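Encoded as structure tokens, the following chain is the form solved without the named molecule, with no partner shown.
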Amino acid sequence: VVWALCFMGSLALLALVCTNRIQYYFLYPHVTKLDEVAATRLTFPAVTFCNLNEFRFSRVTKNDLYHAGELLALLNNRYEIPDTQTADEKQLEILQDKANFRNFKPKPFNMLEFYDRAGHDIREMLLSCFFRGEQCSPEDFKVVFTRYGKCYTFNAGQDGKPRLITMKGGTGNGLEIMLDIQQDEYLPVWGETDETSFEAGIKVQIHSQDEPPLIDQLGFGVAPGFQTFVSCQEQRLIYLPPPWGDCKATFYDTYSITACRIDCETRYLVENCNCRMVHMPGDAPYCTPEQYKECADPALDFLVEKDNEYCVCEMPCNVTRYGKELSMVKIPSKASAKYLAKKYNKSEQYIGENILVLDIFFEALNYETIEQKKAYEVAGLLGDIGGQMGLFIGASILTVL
């Protein structure tokens, strides 16, 4: 009877063990494969930056002041220079003249035109630029409008030009730019608004080229008077869609959290303000300075600060993250100050307050992948249900003999 018992058991094993599988298969489990290597021909990311100051004082015209005056806290609700102004006498005297609206006939005004004309000029800010031993120029930077206003992106990849690639670790295989933030052009700050700031310097965001920047939210800061080193590591993350995961596959061409937020924010403002901020996509009318102040700014602030319901984006199936390690040294040194001052025709003090050097590069281990993989596909299921029957057909043959 022992053989018969063995045969009976052989059936009861192909029963449990094959049932263990189908249940496990239908849980749609996954594994996450991690790897960190030194990739060759790494694709250099896009680098977007903004001057923390949105409007050059010297480009603000009488008409500009008339329309955007109250928005910039340079005027009160009755087109007068505020009682509570805190300006140096020379600038106050320049503004009091500008704010003289006697016999003044207002002329069509537009925030986008204002940003484009008054925003800091890359041609003036960019003192020097080098990528992998090659000299780059203002033309190598693309204009992109953000909430900070007129910003610039290096290696945007929208020119159809050949890819910029990194191959070795260290500053040499990266980007180095020397900027002049031009504090002498900073708009006087007389109050707190979404368009003014207490700070001097630039905001920077390193991002994949198929992903738009969200620099007011996700950027990092770089201060004047320093050379800042940014050692990076590219991290590629891949996710599975349902049933294995939660991701969504690809106004914008590729799906990204940012692209999703911008799209959502635009619809929200259009719905609640009947206008879009000038940096938003679409064809809705541009918000007036009054709309910015009364509706648009509060609306966008609500979304990026308090909102928990409206602009909630789902995970992309493909995300590229850039790990960053920042460090810095002082510029200029006492020994080099006079050289730089004479070179760019400034005072030594100006150099120390306005000049900055930014280095963006990758470390040796420049590439990391974190990919979700199907842990138990239909093929693996069979191979188990199959290899198990190859043991029951043997346990039945021995019984047969």
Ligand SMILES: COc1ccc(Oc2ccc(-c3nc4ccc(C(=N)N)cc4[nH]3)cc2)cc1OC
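The first residue of the shown sequence is 1; numbering continues from there. Under this definition, the rigid core comprises the largest set of C-alpha atoms superposing within 1.5 Å between the forms.
Keep in mind that the form deposited with the named molecule bound is not shown, yet the notes after this line are about it.
Annotation: pocket blocked; 3 or more atoms of the named molecule, superposed via site C-alphas from its pose in the deposited complex, fall within 2.4 angstroms of backbone or C-beta atoms. The partner is not drawn, yet in the deposited complex one stretch among 154 to 162, 80 to 88, 98 to 106, 184 to 192 has residues with heavy atoms inside 4.5 Å of the named molecule: 184 to 192. Interface membership of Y286, defined by any non-hydrogen atom within 4.5 Å of the named molecule in the deposited complex, is confirmed.
In the deposited complex, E54 approaches the named molecule with a heavy atom inside 4.5 Å. Remark: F141 does not count among the residues lining the named molecule in the deposited complex, judged by a heavy atom distance of 4.5 Å or less.
In the deposited complex, the named molecule lies farther than 4.5 Å from every heavy atom of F131. Residue in contact with the named molecule in the deposited complex (any heavy atom within 4.5 Å), chosen from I177, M125, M111, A118: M111. For the candidate set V204, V278, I262, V230, a heavy atom within 4.5 Å of the named molecule in the deposited complex is found for exactly one residue, namely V278. Taking the named molecule as it sits in the deposited complex, the stretch 68 to 85 comes within 4.5 angstroms of it through a non-hydrogen atom at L71, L72, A73. Among the candidates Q235, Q227, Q85, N110, the CA atom that moves 2 angstroms or more between this form and the one not shown after core superposition belongs to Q85 alone. Once you line up the core between this form and the one not shown, the Cα of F57 stays within less than 2 Å of where it was. If you fit the rigid core between this form and the one not shown, you'll see the Cα of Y28 move by 2 angstroms or more.
Relative to the superposed core, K373 undergoes a C-alpha shift of no less than 2 Å between this form and the one not shown.
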